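Each chain carries a letter (A, B, C, D, E and F) given by its place in the written order, and its residues are counted from 1.
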Amino acid sequence: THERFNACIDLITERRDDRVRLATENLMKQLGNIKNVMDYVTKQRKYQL
Amino acid sequence: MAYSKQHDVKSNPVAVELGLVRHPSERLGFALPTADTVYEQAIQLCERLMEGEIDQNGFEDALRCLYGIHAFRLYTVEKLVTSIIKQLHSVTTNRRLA
Amino acid sequence: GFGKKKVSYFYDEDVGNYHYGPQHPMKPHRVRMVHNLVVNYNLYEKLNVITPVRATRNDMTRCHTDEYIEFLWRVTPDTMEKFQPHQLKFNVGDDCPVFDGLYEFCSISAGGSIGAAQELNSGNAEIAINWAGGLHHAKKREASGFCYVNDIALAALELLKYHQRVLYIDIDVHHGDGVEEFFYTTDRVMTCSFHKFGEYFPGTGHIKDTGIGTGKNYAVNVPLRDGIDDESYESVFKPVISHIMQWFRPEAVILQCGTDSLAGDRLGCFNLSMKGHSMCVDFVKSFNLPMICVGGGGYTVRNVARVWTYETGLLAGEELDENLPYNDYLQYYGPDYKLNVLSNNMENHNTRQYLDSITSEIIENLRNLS
Amino acid sequence: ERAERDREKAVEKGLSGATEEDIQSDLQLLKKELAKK
Amino acid sequence: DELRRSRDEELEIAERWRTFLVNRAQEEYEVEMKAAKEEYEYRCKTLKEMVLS
Amino acid sequence: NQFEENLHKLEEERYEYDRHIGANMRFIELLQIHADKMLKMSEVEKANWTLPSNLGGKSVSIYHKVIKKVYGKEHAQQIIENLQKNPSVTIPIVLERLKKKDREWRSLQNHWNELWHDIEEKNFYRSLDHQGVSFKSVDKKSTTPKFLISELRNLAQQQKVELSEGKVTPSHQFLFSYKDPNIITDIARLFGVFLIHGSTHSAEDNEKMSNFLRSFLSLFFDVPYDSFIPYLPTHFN
């Protein structure tokens, strides 16, 4: 239809793409958090000895 | 300081990425008057309220988006001006006072 | 070679998991939160994080009674139908509930505090932190006001093996009555507490409560009123402490850093901010004495987490950025997401003349000293 | 209000622990693997 | 030697915990990406059907 | 203040979810050590294996709390007994169940985070505003003419008393100051906007008041007449 219907399609794919961007943004931050926690634990055990 | 807050604060990028930041005065129910100083915006807002474009709640919320918590004294201005008018009424009717 | 000195910092990973009651204002969970920020600011590279050695029965009865500690060590939330005499006697059941792992919680707190005392005794540190400690409302014979085992007394006793004078500063909004009652008749520990004196808990702390026996003039109370701000507080805080440090001349400080004296707390009624609250800690630290800094109150957990994080980074000698890095509890810190707690527009009740009066009175009392 | 006094209960039932058929299945599996001793 | 043995065991356990945590995060994210794709496909199809009707 | 209370309720629900999930994950962290010991021993040992009364960890209360929450307190004794007695059979089952429950709870928490976000934003900003609502009353009882004249008369009477005490009492009881000369023009602006857009008086009354205010302000405070023109209209029709 190359028309207003395509506009509806694009305003739906906008929603899908922002969702996907939010998810892939959560992921990297969580992996950073995990990296921090584990480096902490490692140095802590060595110092305790 | 009202202007130093209006134009010199920067969000936390981490909460910008995750889509958490929402500033008010970008959501108010209406738009805010624009000027060179905040004080002018405050005056335009009191004027709008006295007209009727703005309700009491929107006027207070705009005052909060502008000044913070140090602008509560102005929540009553309308009432206050009303009372002042009343005074003039008496002073405009005393025959010897002229 | 041995370089600078770092801040010892006691933490036990189980401590976050103890839960008082359904809607209880006290949540040990908050310590977890503090740590999750200390990790994510990469602060742990400037500290020495140590795991506490849980304290035993023969360590808690150096201050409390055998019957009280025995009841602690025996009770469980299920078999408390057989302890109904002990509930009355020991003041346990409504404000200080019996929950799961009560004794383990108390052992973690007391162990952190005694460990800090041993750290200073040994020379390994000059500052030592333990945010799970600082339960200043617990009496020798009873439980009182969210606290069960008064670990500041145990820290002080362990400190008095080699130091001749100790000073205990208390800035929780309440009166630190357990730690006063313990050292009320002695001149080796001077207590000094700033609190809201009125129709308020616990009800004690009157300005003419200044010790008996040998401990005459060795307790200090500063009874304030509502809504006090940062500059009023500073005006009444800095003179008192300056003259205590001048005239009493301690050798070791125990600083209780409660944070229900902050603006917007669930129970307290003061009006300080993050900078106003941290002013006290920085001023006390500026004197160069062995120091312990313990936790205390604090019943709005977002504010407490941010303030204790800031003060930890400030004792370590660092300077933290004001944006919160991503951590596991980021959604508690809305909507600014900043390392800052803000005051409000509640009304102050401490007129200038009142503060001048009490400051003068207290300074005369302290002039009685040596 | 009917809305917020509803989301309160909606939150409350969130945690809810395990369900009944699930613990039954875990128990049956336990006993079965105990037979294989 | 008791100390050395305890430390080495705790380091091994840390390394085996990090793996579980990372797999937990990855699974959590796969769930949401699949949910987004599924919901969007269903939305587009339902709209096509609605326009045809 | 109802807004602080809304914030406190929200924080309570947040904490609820977080505490359940954190305790569950600590127990899982414990079981993940016994599982990886199990899978690294001969097949005969797995049968002669037993765990002490503290399940191999430091703090049994957390573990029993987790179990009672997940399995209910009616089937928890069986699970604890079989976890102590024969681990090699009972640890995999429980570990997998706990993992499933954790997954579900994390999903629910992620679902509720957004509703809570909007509630917090709606309630937050007017919570550092304790005195914003305790003022729409005090200002009233300080704007009553009765209060004004009463205050004046009490001041005069006590000042006369001090005058009869032999004390030093000045002539004026009120000392006001007006530094900025423009704020009065702005107050005039407000006056004009009100007069035009007030639904109380009639046009001629607003006209008389406008002209009188023009004269009186320009004269008393000594501010040029010309500034007052645009805001105080002479004709209100």
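The rule is simple: a contact is a pair of C-beta atoms (placed from the backbone, for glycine too) under 8 Å apart; a residue touches a chain by one contact, two chains touch by 3 or more.
Novice: When contacts are scored as defined above, which chain pair ends up with more C-beta pairs, A-C or C-F?
Specialist: C-F
Novice: So what's the Cα centroid distance for chain B and chain F, whole Å?
Specialist: Centre separation, chain B to chain F: 21 Å.
Novice: Based only on mean CA positions, could you tell me how far chain B sits from chain C in angstrom?
Specialist: Roughly 43 Å, centre to centre.
Novice: Could you put a whole-Å number on the gap between the CA centroids of chain B and chain E?
Specialist: 48
Novice: Can you give the whole-Å distance between the Cα centres of chain E and chain F?
Specialist: Distance between chain centres, rounded to whole Å: 34 Å.
Novice: Find every residue in chain E that makes contact with two or more other chains and list them.
Specialist: Chain E, residues with two or more chain partners: 17.
Novice: Residue numbers in chain C touching 2 or more other chains?
Specialist: Only 326, 331, 334-335, 344-345 qualify.
Novice: Two or more other chains in contact with one residue: find those residues in chain F.
Specialist: 117, 121, 128-129, 131-132 - these are the residues of chain F that touch more than one other chain.
Novice: Which pairs of chains touch each other in this structure?
Specialist: A-B, A-C, A-E, B-C, B-F, C-F, D-F, E-F
Novice: Spell out the residues on chain B that touch chain F in their complex, using ranges where they run on.
Specialist: 20, 22, 24, 43, 46-47, 50-52, 60, 64, 69, 72-73, 75-77, 79-85, 88-89, 91-92
Novice: Considering the complex alone, what residue numbers of chain F touch chain D?
Specialist: 13, 16-17, 20, 47, 69-72, 75, 78, 82, 86, 89-90, 93-94, 97, 101, 105, 108, 112, 115
Novice: For chain A, which residues are in contact with chain E within the complex?
Specialist: 5, 8-9, 12-13, 15-16, 19-20, 23-24, 26-27, 30-31, 34, 38, 41-42, 45-46, 48-49
Novice: Name, in rising order, each residue of chain F that touches chain C in their complex.
Specialist: 4, 8, 11-12, 14-15, 18-19, 22-23, 26, 58-59, 61-62, 64-65, 113, 116-117, 120-121, 124, 127-132
Novice: If we count contacts the way the header does, which residues on chain D are in touch with chain F in the complex?
Specialist: 7, 11, 14-15, 17-18, 22-23, 26-27, 29-30, 33-34, 37
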